[PDB]
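First up is the structure itself, then whatever we jot down about it.
Residue indices begin at 1 and follow the sequence shown.
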Amino acid sequence: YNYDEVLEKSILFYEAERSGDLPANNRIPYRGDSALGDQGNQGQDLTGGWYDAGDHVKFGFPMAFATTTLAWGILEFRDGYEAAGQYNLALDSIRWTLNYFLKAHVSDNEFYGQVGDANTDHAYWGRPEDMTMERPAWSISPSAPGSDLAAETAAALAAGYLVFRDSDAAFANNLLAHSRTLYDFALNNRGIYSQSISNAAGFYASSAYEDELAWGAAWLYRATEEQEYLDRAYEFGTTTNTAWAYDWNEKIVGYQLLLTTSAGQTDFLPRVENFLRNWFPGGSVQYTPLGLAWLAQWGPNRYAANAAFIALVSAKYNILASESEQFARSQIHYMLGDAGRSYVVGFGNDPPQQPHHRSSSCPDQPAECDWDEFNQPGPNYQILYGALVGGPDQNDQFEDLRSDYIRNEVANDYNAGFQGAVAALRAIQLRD
Ligand SMILES: [Ca+2]
Ligand SMILES: [Mg+2]
Ligand code: NA
């Protein structure tokens, strides 16, 4: 497989998800300015960010986690991005959301975590450029805590500091300053963000915030090397529990691996190895007949690509390296087409033609776009290059229907581990 092309197109997927005032060098011809009125309750500019999935909600929690995971991959697999000619583009990709998080952090202890009412937004089918419904904005604050959202955003900002400090120190230092402030806010104003922003509970409900507190502390320790953050990571982290998955809700194996590798903390390595072995063949995750590690019906490709990412970071630091690389490659290659068709839109053999995605479902301007474009039986008019779809059922079956909001879903977090894993595989081609 051409990993250079996969990385190029994955980054184009994120570019097709951009909200706001698009740059002059916009590479997605069917996308234009949209949601230029997104703003806080005192008129604070909230334009930008990524639309989460095939909708037009800006969901802060997965948006931040996708950014942390993308930044981690850029840090560890820079050589793969560079060999692919995609490193500057990858930095530009996450600069978009990092700038959004800076806007959303309107004061020390207030952070906007959602723009768009998901119920109103999902009732609409059409271009984001054509939206006319009200787009409410909700924040977390001392009266409305969200330790999970605040600490995940602090993690993304600290990871972003590390990514950018060697090319744009003014930007990087601003990210780190806000990381510190948001993490203090997360620690000192405790609660679940999707209880405080109740519109989020139907879509990205957080089950617990302690793992985010450990994760944000681990990233801030990598960024600052200040002992107080390593202490926070041990305080809220576990050495005794193994993660079920790595995803936008569960940070456990993420911070365990980060602390093992970047911080040299041996106490967490047994749980990293438990996670890896659970996902490897012979472990505790069922494999489809054709070889996809299949955790659940909701975004199996996302779960498997996330585990592949964790495995490839592990391999880089000589943690079960040979088995990790072989497992990770098997999962990414399933998604690139090993089972007979690609699960990456616009890539490879017989890629999915009907991603559950509004803007790519619309014909070129000035044609009409409404629920007719949801229902129509043919391919989406625009090719959503790079999007990893949710994936097949447990028997490798996939109908490629836009109405299949489970299997044909696309999302920011679906591509986040995937993209870093592809960059890791490209880097291994350099090593070998
Ligand atoms: Ca959590
Ligand atoms: Mg077109
Ligand atoms: Na403009």
Are [X] and [Y] ion-paired here, with the side-chain N under 4.0 Å from a carboxylate O?
| X | Y | result |
| --- | --- | --- |
| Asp92 | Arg95 | no |
| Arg402 | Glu409 | no |
| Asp79 | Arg426 | no |
| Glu228 | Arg232 | no |
| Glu17 | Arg31 | no |

Notebook entry, point to check: Do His178 and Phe101 pass the ring-ring contact (aromatic ring centres under 6.0 Å, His included) test, and can you show the C-alpha distance, the side-chain angles, and the key distance before you say yes or no?
Noted result: CA-CA 9 Å; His178 285 264; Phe101 304 146; over 10 Å; no
Just by distance, do the side chain of [X] and the backbone of [Y] share a donor-acceptor pair under 3.5 Å?
| X | Y | value |
| --- | --- | --- |
| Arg358 | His122 | yes |
| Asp55 | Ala53 | yes |
| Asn306 | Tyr246 | yes |
| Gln265 | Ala263 | yes |
| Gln44 | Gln42 | yes |
| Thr69 | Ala66 | no |
| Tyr14 | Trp96 | no |
| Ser179 | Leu175 | no |
| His105 | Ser107 | yes |
| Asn109 | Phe185 | no |

Next item on the list: Could you walk me through whether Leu176 and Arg165 pass side-chain contact (heavy atoms from CB on, under 4.5 Å), step by step?
Entry: CA-CA 10 Å; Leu176 180 60; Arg165 61 179 180 179; over 6 Å; no
Would [X] and [Y] count as having a side-chain donor-acceptor pair, cut-off 3.5 Å?
| X | Y | value |
| --- | --- | --- |
| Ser322 | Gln326 | yes |
| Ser360 | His357 | yes |
| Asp148 | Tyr204 | no |
| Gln382 | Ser359 | no |
| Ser10 | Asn415 | yes |
| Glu110 | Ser139 | yes |
| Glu76 | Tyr317 | yes |
| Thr67 | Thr97 | yes |
| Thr47 | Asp38 | no |

To the nearest 0.5 Å, how far apart are [atom1] in [X] and [atom2] in [Y]?
| X | Y | atom1 | atom2 | result |
| --- | --- | --- | --- | --- |
| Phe347 | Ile383 | CZ | CD1 | 14.5 Å |
| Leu312 | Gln331 | CG | CD | 11.0 Å |
| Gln256 | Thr261 | CD | OG1 | 11.5 Å |

Can you find a heavy atom in the side chain of [X] that is under 4.5 Å from one in the side chain of [Y]?
| X | Y | answer |
| --- | --- | --- |
| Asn99 | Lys103 | no |
| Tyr343 | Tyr334 | yes |
| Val344 | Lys9 | no |
| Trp138 | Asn199 | yes |
| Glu210 | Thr238 | no |
| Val57 | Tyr51 | no |
| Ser206 | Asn249 | yes |
| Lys58 | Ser19 | yes |

Which pair of heavy atoms, one from [X] and one from [Y], lies closest together, and at what distance?
| X | Y | answer |
| --- | --- | --- |
| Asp396 | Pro392 | C-CB, 3.5 Å |
| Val389 | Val345 | CG1-CG2, 3.9 Å |
| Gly80 | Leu7 | O-CD1, 4.2 Å |
| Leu336 | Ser342 | O-CB, 3.7 Å |
| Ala315 | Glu325 | CB-CG, 3.7 Å |
| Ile140 | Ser196 | CG2-CB, 4.4 Å |

Next item on the list: Pick out which of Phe275, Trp72, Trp279 makes a ring-ring contact (aromatic ring centres under 6.0 Å, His included) with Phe309.
Entry: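 That would be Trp72; it is the only one of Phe275, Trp72, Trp279 passing the ring-ring contact (aromatic ring centres under 6.0 Å, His included) with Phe309.
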Next item on the list: Run through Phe111, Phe61, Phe59 and flag the one making a ring-ring contact (aromatic ring centres under 6.0 Å, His included) with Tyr193.
Entry: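 Among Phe111, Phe61, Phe59, the one meeting ring-ring contact (aromatic ring centres under 6.0 Å, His included) with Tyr193 is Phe61.
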Next item on the list: Look at atom OH of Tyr385 and say whether more than 12 heavy atoms of other residues, nucleotides or ligands are closer to it than 6.0 Å.
Entry: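 Not buried by this count: 12 neighbours or fewer within 6.0 Å.
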Check: Can you tell me if CD on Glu225 sees more than 12 non-hydrogen neighbours from other groups inside 6.0 Å?
Finding: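 At most 12 heavy atoms, drawn from other residues, nucleotides or ligands, come within 6.0 Å of this atom.
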Next item on the list: Please collect all salt bridge (charged side-chain N to carboxylate O under 4.0 Å, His left out) contacts where either partner lies in residues 299-312, sequence neighbours excluded, each pair once.
Entry: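 Salt bridge (charged side-chain N to carboxylate O under 4.0 Å, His left out) check on residues 299-312 returns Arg302-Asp413.
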Next item on the list: Report yes or no: is the cationic atom of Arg18 (NZ for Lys, CZ for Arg) under 6.0 Å from the centre of the six-membered ring of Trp50, at an angle within 45° of the ring normal?
Entry: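 Negative - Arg18 is either too far from the ring of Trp50 or too far off its axis.
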Notebook entry, point to check: Does NZ or CZ of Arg341 come closer than 6.0 Å to the centre of the six-membered ring of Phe398, within 45° of the ring's axis?
Noted result: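 Cation-pi check for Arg341 and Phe398: fails.
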Aromatic rings [X] and [Y]: how do their planes relate, parallel, tilted or perpendicular, breaks at 30° and 60°?
| X | Y | result |
| --- | --- | --- |
| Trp219 | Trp215 | perpendicular |
| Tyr234 | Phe268 | tilted |
| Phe280 | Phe327 | tilted |

Next item on the list: Start with the C-alpha gap between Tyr229 and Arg180, add the side-chain angles, then the distance that decides, and say whether side-chain contact (heavy atoms from CB on, under 4.5 Å) holds.
Entry: CA-CA 10 Å; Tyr229 289 117; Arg180 292 177 180 275; 3.6 Å; yes
Item checked: Matching residue for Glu8 among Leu12, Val6, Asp4 - test: side chain to side chain contact (heavy atoms under 4.5 Å, CB included) ->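 So, applying the side chain to side chain contact (heavy atoms under 4.5 Å, CB included) to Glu8 and each of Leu12, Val6, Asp4, only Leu12 qualifies.
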Checklist line | All side chain to side chain contact (heavy atoms under 4.5 Å, CB included) counterparts of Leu89, not counting sequence neighbours | finding: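 Side chain to side chain contact (heavy atoms under 4.5 Å, CB included) check on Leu89 returns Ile11, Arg27, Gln86.
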Next item on the list: Let me see the working for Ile94 and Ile74 under side-chain contact (heavy atoms from CB on, under 4.5 Å), right down to the final yes or no.
Entry: CA-CA 10 Å; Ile94 60 166; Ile74 293 166; 3.9 Å; yes
